[PDB]
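So basically every Cβ, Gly included, is an ideal-geometry build from the backbone, and we count neighbours across all protein chains shown. Each value in this text was obtained by applying a stated rule to the coordinates, not by laboratory testing.
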């Protein structure tokens, strides 16, 4: 194409906190990160004789 | 266990002293040597989707 699209990815984030056992558990998250874009140009030249 | 108990040992101490004209022999000693203590924790988290 004249321009190309990014690439998408998801990841999950969670940290193993301590469990004193008299305290309720804590939860994690997910987030997305995307790739970069590219585009292509045209060039040309010629003669006239 | 949640906490692990130490380890014990018993040792003795004696010093070869000099002996001149039936000097009464000196007498030794004993003592105790203990181990350290260790314990184990809990870690936990999760997701709710």
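The simple Förster model, with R0 at 30 Å and r as the Cβ-Cβ distance, assigns residue B:26 and residue B:3 a FRET efficiency of 0.10. Between copies, the label points at residue B:15 (set 7 angstrom from Cα along Cα-to-Cβ) are spaced 5.6 nm, reported in nanometres from shortest to longest.
Our summary gives chain B a relative contact order of 51 percent, counting only alpha carbon pairs under 8 angstrom and 6 or more residues apart. Let's test the formula: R0 of 22 Å, r as the Cβ-Cβ distance of residue B:38 and residue A:18. What FRET efficiency results, to the nearest 0.05? Calculated value: 0.85.
Annotation for residue B:26, label-to-label distances across the other copies: 6.1 nm (shortest first, one decimal, point 7 Å from Cα along Cα→Cβ).
Shielding by partners for B:38-47, please: the mean number of other protein chain Cβ atoms within 10 Å of each residue's Cβ.
Details: counts 0, 0, 0, 4, 6, 5, 7, 10, 5, 6.
Taking all residues of B:38-47 together, the mean is 4.
By Cβ position, the chain B residue that hugs the axis carrying B onto A most closely, with its distance in whole Å, is B:36, 54.
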